[PDB]
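Just the one chain here, the form solved without the named molecule, laid out as structure tokens.
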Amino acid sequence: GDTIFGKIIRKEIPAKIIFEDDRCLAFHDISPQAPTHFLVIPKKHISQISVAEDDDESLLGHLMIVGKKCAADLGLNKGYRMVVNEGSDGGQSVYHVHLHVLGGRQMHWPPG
């Protein structure tokens, strides 16, 4: 879409890509908050989870299954945290839906 994540999807700027298929992309976060911190994003430009449609359900779930598989591939056998931010209170940094996966350290509570 019209965000930096759109540019990454279109391969116009670099990112360290972990996995790709026909409908999503996983890549390491440029500002990592844990020893392992990556994103899984849909190629479809959904700007934020609050405007996702019902028929996007399987796609959103796909982001989580891809996140699961990438986490295992990156050796996160002790677990991890998945995060989706919505809007200003959620601290959403880019208006393209993205699933964070963080691990490689103890995650704490509250989650921000």
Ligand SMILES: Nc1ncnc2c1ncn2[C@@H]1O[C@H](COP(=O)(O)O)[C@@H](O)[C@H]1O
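Note that residue numbering follows the sequence shown and begins at 1.
Absent from the display: the form solved in complex with the named molecule. The rest refers to it.
Transferring the named molecule from its position in the deposited bound form by superimposing the surrounding C-alpha atoms places at least three ligand atoms within 2.4 angstroms of backbone or C-beta atoms of the displayed chain; the site is blocked.
At the 4.5 Å threshold, heavy atoms of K69 stay clear of the named molecule in the deposited bound form, well away from it. The shortest heavy atom separation between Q48 and the named molecule in the deposited bound form exceeds 4.5 Å. Under a 4.5 angstroms non-hydrogen atom cutoff, the named molecule in the deposited bound form has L39 among its neighbouring residues. In the deposited bound form, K43 stays away from the named molecule, with no heavy atom inside 4.5 Å. Heavy atoms closer than or equal to 4.5 Å to the named molecule in the deposited bound form belong, across 19-41, to the residues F27, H28, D29, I30, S31, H37, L39, ordered by sequence position.
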